[PDB]
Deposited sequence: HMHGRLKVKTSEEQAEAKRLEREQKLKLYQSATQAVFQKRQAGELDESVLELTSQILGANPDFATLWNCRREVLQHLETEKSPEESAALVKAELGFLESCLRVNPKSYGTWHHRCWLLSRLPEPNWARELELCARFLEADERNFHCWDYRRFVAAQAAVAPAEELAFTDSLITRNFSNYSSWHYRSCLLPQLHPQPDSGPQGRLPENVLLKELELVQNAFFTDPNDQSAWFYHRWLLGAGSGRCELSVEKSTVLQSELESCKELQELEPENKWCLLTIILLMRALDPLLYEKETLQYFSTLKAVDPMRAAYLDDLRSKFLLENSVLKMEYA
C-alpha cells in the first residue's frame, strides 16, 4: 500500500496530466479540464502549466456562459483555491491564481478576502505569501494605513513570531508620515512599544532588529532633544539590567553598544570597547562582524577627534 498505492497515485497523476494535455491540444477548453486539474493541483500546486490551463478554461467559459453560470464558476473556483491553500499555504502558484481571479471579478468581496488573510495569519503569522496577499487586498479595497497599523498591534501583542508584523509596521509608519526617517513623537512611541517587546521576551530577535532600525530612523546625537536623550539613557540602563538577568543574551549587548553610539561615541569609547570584548565571547560566530563594526566605529571616532578645534 505505502509502496504500492505510491504507484497508484503516480499512474493517476500521469494519466490525468496526459488527458489534460490532449484536451488542450484539441482545443477542448471545458469543465472536464477543471475536473482533471483539481485532481492534480491539490497535490502539486507548483505545476504552473495546469494553473495556466485552468485560466484558459475560465476565460473561454466566460465568453460562452450566462452571467449566472459564470458567477457559479467563480464561486467554485474560490472554494477550490481555499481548499488548496489549506493543504499547501505556501505555494506561489495558488496564491497567484487567487490574485488573478479576484482582479478580474465584477464585484469582488474584499472584506471576505481580508478575513481569509486574518485566518491564515492566525495559523502561521510568518506566512509571507499571505502577508503579500493581504497587502494586495488592502490596496484594492483602499484600506487606510492606520487600520493596518491597528491590525499589526494586535498581532504583536497576542503572541510572538512577530518579525512579519514588525516588518509591516516599518512600511506602514512612513505612509502615515509620508515625506519626499520618522517624526520624533512617532519614533518615541515606537521605541516604547519595542522596548516593551524585548523586555517582555529578550529572546525575541524581531524586536531587536526593528529597534536597531529605530535608532537610525531619527535625529543625530548632537541633535538629541532632552526627551530623546533621556529616553535613550533609560534604555541603556534597562539593557544593563537585562544583561545582568540574561548574561548569554547577545542582542542586549549589541544594543548597549548601539545606544552608546547614538548617545555620544567619544564619551563612551572605553565602555564601547569593553562591550565588544564581552559580546565576542558571548557570540563567537559573529566575531569577524564585530571586529569590522568595531573597526568602523574606531575610524568614526578618529574623524570626530580630528573635527576638534
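Stretches of the deposited sequence absent from the structure, as judged by C-alpha coordinates, are 1-16, 197-202.
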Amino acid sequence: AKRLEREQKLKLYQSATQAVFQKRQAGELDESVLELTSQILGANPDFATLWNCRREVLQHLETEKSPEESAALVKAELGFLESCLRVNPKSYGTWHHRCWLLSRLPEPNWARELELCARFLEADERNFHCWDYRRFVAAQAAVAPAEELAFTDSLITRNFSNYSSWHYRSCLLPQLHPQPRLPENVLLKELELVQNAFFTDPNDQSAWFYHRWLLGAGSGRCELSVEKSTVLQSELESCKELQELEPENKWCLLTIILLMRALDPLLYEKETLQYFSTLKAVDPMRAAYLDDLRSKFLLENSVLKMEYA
From here on, numbers count along this sequence of modelled residues.
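In all of the other compared structures of this protein with flanking residues present, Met306 is modelled, so it falls below the one-third mark for missing coordinates.
Coordinates for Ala1 are absent from at least a third of the other compared entries of this protein that model residues on both sides of it. Relative to its counterpart among 13-21 and 283-291, 13-21 has the higher mean temperature factor, C-alpha atoms as listed in the PDB entry. Taking the mean C-alpha B-factor of each stretch as recorded, 59-67 and 271-279 are not equal, and the higher mean is that of 59-67.
You'll see in the entry that, of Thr200, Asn88, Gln233, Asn127, the Cα B factor peaks at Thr200. In this structure the maximum Cα B-factor among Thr157, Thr94, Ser238, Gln205 is found at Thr157. Among the modelled residues of the chain, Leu191 sits in the middle third by CA temperature factor in this PDB entry.
When the modelled residues of the chain are ordered by C-alpha B-factor, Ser225 sits in the middle third. The entry lists a Cα temperature factor for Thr152 that places it in the middle third of the chain's modelled residues. Ranked within its chain, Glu107 lands in the highest third, by CA B factor from the PDB record. Annotation for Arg135: C-alpha temperature factor in the lowest third relative to the rest of the modelled chain, per the entry.
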